[PDB]
Amino acid sequence: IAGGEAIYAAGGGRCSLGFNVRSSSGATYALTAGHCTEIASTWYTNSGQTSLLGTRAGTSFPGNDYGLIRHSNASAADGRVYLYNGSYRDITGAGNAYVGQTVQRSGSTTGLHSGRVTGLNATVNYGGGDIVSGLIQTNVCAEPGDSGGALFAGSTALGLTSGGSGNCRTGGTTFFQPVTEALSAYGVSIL
């Protein structure tokens, strides 16, 4: 499974995989949104929930928005992002974002969209105390289901879709969790 592809929670809920990562010991995981991993411990790669992805290994949500899923099969840990046209992009490292940067977002609801970083230090309020801060603001649209997907530029991983406003029909604004903070938190590296 590659970055951008759908992940399904046991008993309902869909998100997108961000990036596949590995610990210094060679254990592999999938990064996604923390608001996603908070809903279930077991994840699947198909809607019918018969192909197991793995089980939740960590969650950092409200505050940040990142989470980790341990792969049940190391071979499913594809170090690429799916481009939705039958092609894949190999991700070679992680980097920082900057205002004016041109970016691409891969998600399971709306496919691949591009845009620009328009702001930093952004905050989103999901209600019920769910405030996420330190986010990258962009003009890339996204829809529910895209959450946890990959934000990248070229071969460089940048962030994970948290959420935003608008849709891909009218345009919107999306907020992303910088990936490097996540890699740091878990001592993981891009595959």
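Values for this structure:
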| item | result |
| --- | --- |
| Total residues in region 80-102, condition in a loop (DSSP other than H, G, I, E, B) and buried (at least 19 other Cβ atoms within 10 Å of the Cβ) | 2 |
| Residue within region 159-168 that is over 20 Å from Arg14 (Cα atoms) and not assigned by CATH to the domain that holds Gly67 present | no |
| Among the residues listed as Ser162, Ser147, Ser114, the single one being assigned to a loop (DSSP other than H, G, I, E, B) and hydroxyl-bearing (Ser, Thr, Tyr) | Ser147 |
| Selected residue (criterion: nearest to the chain's Cα centre (by Cα)) from residues of region 33-56 that are within 18 Å of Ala77 (Cα to Cα) and crowded, with 18+ Cβ neighbours inside 10 Å | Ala33 |
| Residue list for region 1-51, restricted to those being assigned to a loop (DSSP other than H, G, I, E, B), out of contact with any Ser or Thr (no Cβ under 7 Å at 6 or more places or on another chain) and within 24 Å of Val124 (Cβ to Cβ) | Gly12, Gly13, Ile39, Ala40 |
| Residues of region 41-60 classified as under 15 Å from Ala6 (Cα atoms) and either out of contact with any strand residue (DSSP E or B) (no Cβ under 8 Å at 6 or more places or on another chain) or not hydroxyl-bearing (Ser, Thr, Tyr) (or both), total | 7 |
| Residue match in region 122-138 (condition: hydrophobic (A, V, I, L, M, F, W, C) and within 19 Å of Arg169 (Cα to Cα)) | no |
| Any hit, region 132-141, residues being farther than 18 Å from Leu31 by Cα, buried (at least 22 other Cβ atoms within 10 Å of the Cβ) and touching a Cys at 6+ places or on another chain (Cβ under 8 Å) | yes |
| Selection count, region 71-91, where residues are more than 15 Å from the chain's Cα centre (by Cα) and within 16 Å of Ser23 (Cα to Cα) | 6 |
| Residue match in region 49-58 (condition: in the same structural domain as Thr173 (by CATH) and free of Cβ contacts under 8 Å to residues at least 24 places away in the same chain) | no |
| Number of the exception - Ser147 against (1) polar (S, T, N, Q); (2) touching a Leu at 6+ places or on another chain (Cβ under 9 Å); (3) in contact (Cβ under 8 Å) with a residue 40 or more places away in the chain; (4) surrounded by fewer than 20 Cβ atoms within 10 Å (Cβ to Cβ) | (4) |
| Residue in region 1-27 that is surrounded by the most Cβ atoms within 10 Å (Cβ to Cβ), counting only those that are of a type outside the set (A, V, I, L, M), more than 23 Å from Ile131 (Cβ to Cβ) and under 16 Å from the mean Cα position of the chain (by Cα) | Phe19 |
| Meets criteria (touching a residue at least 60 places away in the same chain (Cβ under 8 Å), in a strand (DSSP E or B) and in the same structural domain as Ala150 (by CATH)) for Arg105 | yes |
| Cβ pairs under 9 Å, 6+ apart, first in region 7-29 and assigned by CATH to the domain that holds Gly111, second surrounded by fewer than 21 Cβ atoms within 10 Å (Cβ to Cβ) and outside any loop (DSSP other than H, G, I, E, B) | none |
| Out of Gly119, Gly63, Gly145, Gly100, sole residue that is closer than 12 Å to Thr174 by Cβ and in contact with a strand residue (DSSP E or B) (Cβ under 9 Å, 6 or more places away or on another chain) | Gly119 |
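Numbers and lists here come from the model and the stated rules, or from a named source; none is laboratory data. Reconstructed Cβ throughout: ideal geometry from the backbone, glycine too, with neighbour counts over all protein chains shown.
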